[PDB]
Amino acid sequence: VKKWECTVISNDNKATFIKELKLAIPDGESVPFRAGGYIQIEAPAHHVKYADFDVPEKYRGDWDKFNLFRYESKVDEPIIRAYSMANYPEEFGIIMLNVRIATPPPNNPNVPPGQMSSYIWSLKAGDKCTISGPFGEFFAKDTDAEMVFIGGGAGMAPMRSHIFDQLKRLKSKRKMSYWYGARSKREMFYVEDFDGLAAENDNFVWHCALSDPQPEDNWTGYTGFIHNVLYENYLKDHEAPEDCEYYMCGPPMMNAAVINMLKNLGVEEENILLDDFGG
């Protein structure tokens, strides 16, 4: 296991509650990881204020609505946490992460904010970030079966890594689709990336479903929760959904609803691979 003291290239919001942390590896080297894998970030003792975070006005609505800038996080001893690569292995020299900020639950507002994610959200371009690894178990199976990727929230990271690894490094012709659920259009990201792959690869398609599209979205795409949209628009009519491989990563409510849906279809657990962030 190696450690790298990386430099933060950027740490921009991609969604209301998700930042994309981009890290430059020293000397241009790469972490020798597999898609679906993860690194660990370690943080020293520190103290951060949410009021100091850089959150663009476009994403600030819920932050103001719930007074999330009230929070502070004091960490007296080093801590360490896993985060999944959003880049694939031939995106060299960098580690890209998608980090959800783990705020106090709205029903429990005076408990401490999430320690490591509040630290990551405090990082700005030029800061140093120590990572170690790589690790992993959420690896793609080596078959020719159709793949169905299902993502929500920061689960975008290992899905992006997997899908790019299949199409760019493995040059796979397997049938592949990606279904991503989000609340409204501002919560979407990597749209240029996946639109690009879908235009260039006739074996790949992707869909987004919004559960609460906003008036400003002018949304005419799928609406609702992703397990309903995947079922209604693809799996219901599928001639053999039990023969696909399902790769899923999302928030806990999404994981549970998707897995329940798949099992009611008769998919067996061997064909359902969950990357559980432990929410």
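Don't overthink the numbering: it's just position in the shown sequence, from 1.
Stretches 170-178 and 79-87 differ in mean CA B factor, with 170-178 having the higher one. The deposited model assigns a higher average Cα B-factor to 228-236 than to the other stretch when 228-236 and 33-41 are compared. The maximum CA B-factor among the listed residues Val55, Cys249, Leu68, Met253, taken from the PDB record, is found at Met253. For the set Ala145, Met116, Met188, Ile150, the PDB entry assigns the largest Cα B-factor to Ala145. Looking at the C-alpha B-factors along this chain, the one for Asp165 belongs to the lowest third. Per the deposited record, the Cα B-factor of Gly155 falls in the lowest third when ranked against the other modelled residues of its chain.
When the modelled residues of the chain are ordered by C-alpha B-factor, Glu269 sits in the highest third. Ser73: CA B factor lies in the middle third for its chain, per the PDB record. Remark: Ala140 belongs to the middle third of its chain, ranked by C-alpha B-factor as recorded.
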